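Have a look at the structure below before the remarks.
For neighbour counting, all protein chains shown are included, and Cβ atoms are generated from backbone atoms with ideal geometry for every residue, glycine included. Every read-out reported here was derived from the displayed coordinates using simple, explicitly stated rules and does not represent laboratory data.
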Amino acid sequence: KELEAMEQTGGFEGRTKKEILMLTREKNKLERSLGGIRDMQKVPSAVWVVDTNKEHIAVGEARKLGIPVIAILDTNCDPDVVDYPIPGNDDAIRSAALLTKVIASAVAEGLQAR
Amino acid sequence: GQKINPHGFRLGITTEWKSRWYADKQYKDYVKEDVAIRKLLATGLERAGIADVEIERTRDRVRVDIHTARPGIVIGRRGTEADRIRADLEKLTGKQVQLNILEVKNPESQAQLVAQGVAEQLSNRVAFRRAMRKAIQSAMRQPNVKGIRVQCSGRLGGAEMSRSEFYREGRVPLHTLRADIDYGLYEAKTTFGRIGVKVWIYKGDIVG
RNA sequence: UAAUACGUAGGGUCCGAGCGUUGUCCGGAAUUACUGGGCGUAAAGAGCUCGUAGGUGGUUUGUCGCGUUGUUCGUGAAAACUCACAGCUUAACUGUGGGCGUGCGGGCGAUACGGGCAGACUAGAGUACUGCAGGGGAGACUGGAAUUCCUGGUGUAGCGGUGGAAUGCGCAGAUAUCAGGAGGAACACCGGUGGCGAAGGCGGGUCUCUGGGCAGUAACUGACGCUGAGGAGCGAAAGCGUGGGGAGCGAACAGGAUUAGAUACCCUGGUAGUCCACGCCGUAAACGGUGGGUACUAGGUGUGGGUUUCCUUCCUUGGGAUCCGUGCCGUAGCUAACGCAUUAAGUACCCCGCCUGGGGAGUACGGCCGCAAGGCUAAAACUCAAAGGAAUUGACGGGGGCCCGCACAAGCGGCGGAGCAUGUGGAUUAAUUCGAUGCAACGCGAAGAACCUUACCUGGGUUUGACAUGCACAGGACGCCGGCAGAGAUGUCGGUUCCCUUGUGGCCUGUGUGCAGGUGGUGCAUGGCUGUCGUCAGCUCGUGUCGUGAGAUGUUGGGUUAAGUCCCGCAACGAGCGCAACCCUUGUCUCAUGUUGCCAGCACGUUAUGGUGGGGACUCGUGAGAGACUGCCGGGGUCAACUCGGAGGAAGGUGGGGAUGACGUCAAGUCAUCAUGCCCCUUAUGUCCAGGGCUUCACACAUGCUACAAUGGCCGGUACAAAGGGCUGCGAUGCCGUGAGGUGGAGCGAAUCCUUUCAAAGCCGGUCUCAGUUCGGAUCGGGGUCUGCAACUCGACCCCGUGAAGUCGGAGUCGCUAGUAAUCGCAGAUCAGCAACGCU
């Protein structure tokens, strides 16, 4: 909020121009990093997990509470401890287009039937 | 010579002189007048702590100023102790003592007063842990304390050792030249021996 | 010397007619582990197998009731222990009545389990049949290269050896080279996380004799199996005995060589021994540091052996599936962790070995075996309070990878050589005041030691004092100006004898009471201040995840940097104190700013000249702001940073130098700048006094300068810098003195005036003409100046005469990358005048 409201307020060349370059870098890094705690505030609900094989290191971070961890399974990983798997296919763009609209469908209809 | 005084180093720019005058032949004279002044002051009154002492000289007037948050302890209420002060100052012969006494605004962001209060707490019978911790808390809850560093040293708690352990919080960039800094070095008695205390208080920047 | 841990004070806790100590036994001690432990590395798996006694044992039918199990009688003396009672003033103690008295003998009931008996079965086991490999062993015979050596040919003067050399082999004909011959060990490539064997261990080839192993059928017998105290047998290399043989290598041994000395690594020679036969010993890191045997217990992965369906060409790491053997990765699980993880260190039973703190000691004595060497079994006294295993942080490394600093290299001038200028060491000493101690001290605390300072010594006075303050008692004057005794301290006359306003005071005379003071000690009691590694780039925190924990992570890995500065991918996300930068000075420009300084354009003085009006134009002194920001170019570059050459500029790639010391160590230094906790002096380690010292020197160490000359010595003539200092002081011109110096004071709190209108190198003319010299100046004898009351220890300065060492410096070292180094001189804080040639 501070960073964005600074660049919104618009006070730049009262400081260093290279510092303006660096503030844009700050917002660029903070944008590749941060989308959702802008809106969260709600002690999140522990659910959708991704890329177990490559980042097994997330097993320690998320499961700790056991409130459901949930994904489309990975083909050959440390399987059944955690509450909610879903089989399927990992690879293909087309398959992903299909699953993407499927979540679009389920999420929008769950919103509507709220 | 590990860290010179930020007051003495920013003196040219950001902090300001404590005795303003001009003299050519009377310089030596005015300084010896001034030190005898401040010594008799501190030797007379010690129960409530002086925050600042400033002096100025003119053709015939003399303007001595004393900041302290607790005036009623320091001053003559009826005029007793303040007239005693004028008496000492007339023995030393300032000859026109417009003694403007003042109380400060923020006793907990006044570095010297805070160090003196903690030093008194130590010198009575007390430990240093709770005093240091509560000092940090009391300073940092107020608005302008952006960073502090409170540095207590001595035979702390009677441990027969030259010790040095400090508690800080916030931002204390002493190299930030433009920013106002307040320094206080105060040495306090104790049953075992003497303790030293230093405190740095950072305050914003200055634009100008 | 400052103890809650010693002795005593008070005090408090515990117990109580007892309280503590001693001695032994049990427990704690899961520390002999039947209940209830272990063997990969902590102590612990025999060197490996065969196997006697023994222990243990697949499936099923039937049977005995031996074990075992159930009840009953018999028994378990009494006293004990415990439950319920009664009583001894209760209790202690006593008795009553039970339970146990844990086991034993007889009968009876049960037969699941163990066992015995009579069988049977085929999954275990062995065998059989057919294939399959393989350095498995033993013997006989045999092969080629290669090394050395004896014959001869060509042949010449070295060859060999190392980090470098010499002993040595040769110069009588070596080495080298070539043909032949003699010889006795080891078999390059095949050959390797690769096969065989129980293990050690096994590879030139052919033959012969023999052994185990795997697979397929599973025809055959029907639990025969597993282990194994003892015991027997096998068993690397070295060593022993008898004989032969001996090329190479090679302990011992000899010589050369490095070395403080090298009985050692290096070199040159070389004996046993290594080799074969036959008898020995019986040890090893004989290590997978994991005893054997059987089964269950995710997979993936190479690789070896034999079977076999599928795509089948059906010739193939084809692929699939099973059996055996082998190496890597990996869950569960286990572990102190390291790590093992279907070839288990986990899962359970069978058998065995073995351990119970280290050291003494696997030693002694006794015995067995041994030709000997010596192996096996195997203690104790006594002593230590631990020895030890695994992993972490730090440091270190004559381990490594990547980097920077005048760290070396390059180029210059020095030290060490002589003279003296100062600062220390050691020894003198009545006193030579104290501290500082490689880097980070020694031109240090000093920035000016004759008295003073000064803290030290001889001699003298002082003692609530050299100066104060709190009390009261006795005071109203106290000092100051001159005199005398006096080295001075100090005691003594002449002149000063108050203003308050009746209560007392400024004040000082005493009396002592509180005392006042210390340069007396602890800088390892403390604070404060400061140097140092180091202006080197790092050092930490939050919250988290990992780890039983110390702790890790972030802060690892690439690009990249002056640097934890930055970018990129990741159990880290974020941040601070740091590095950068807003500070000063210098480097450029626009405007103003006009004297106490410039003075181009102008008019006026002319002996000294901006000297005077006049222009603020250039200078300019003082202030404010733009100018460097890889700013833009195009080729490179995770396209990111990071660079490469440009324009423009006064400066361009952190303009330059400055200021600035991350957390802390060196218990760094200063109780003598100062502050101060504790100990001591007090009739004195305080204190007032004059004299003397801190400058003693047969020497040592260190810092610097002045020199060893012609780029130089000497006279004379000519022009320029920056820069500051100043009042009870800087001192101008004139004149006199040789010259330091001098009455005197112009002008001056000072962009003016003293500061020659400010210099020395340098330039022009000439001499000296390479040598103890016109170099060099010590050192002394005298003639003198200034300041200070006072120049002997002890001051600086001019003049006369004086004329010493020194003819370019040793092993190594020091400082320097640009306006730097080397050289010339100036100015000054401190300071009356000085060693100041230091310091800035």
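Things worth noting here:
- Residue A:2 of a type in the set (D, E, K, R) and surrounded by 10 or more Cβ atoms within 10 Å (Cβ to Cβ): no
- Residue satisfying all of: in the stretch B:149-190; among the β-branched types (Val, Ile, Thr) and touching a residue at least 40 places away in the same chain (Cβ under 8 Å); farthest from the other protein chains (Cβ to nearest Cβ) among these: B:190
- Condition check for residue B:122: under 30 Å from residue B:58 (Cα atoms) and in a helix (DSSP H, G or I): no
- Total residues in the stretch B:1-32, condition of a type outside the set (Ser, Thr, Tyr), more than 20 Å from the chain's Cα centre (by Cα) and surrounded by 12 or more Cβ atoms within 10 Å (Cβ to Cβ): 2
- The residues of the stretch B:60-76 that are basic (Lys, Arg) and farther than 20 Å from residue B:94 by Cα amount to a single one, B:70.
- Answer from B:111, B:135 - the residue that is more than 15 Å from the chain's Cα centre (by Cα), touching a residue at least 12 places away in the same chain (Cβ under 8 Å) and under 20 Å from residue B:195 (Cβ atoms): B:135
- Whenever a residue of the stretch A:86-114 is more than 14 Å from every other protein chain (Cβ to nearest Cβ), its partners that are in a helix (DSSP H, G or I), lying with C-beta atoms within less than 6 angstrom and at least six residues away or across chains, give the pairs A:89/A:95.
- Yes/no for residue A:26 being near RNA strand C (Cβ under 9 Å from one of its atoms) and among the acidic types (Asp, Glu): yes
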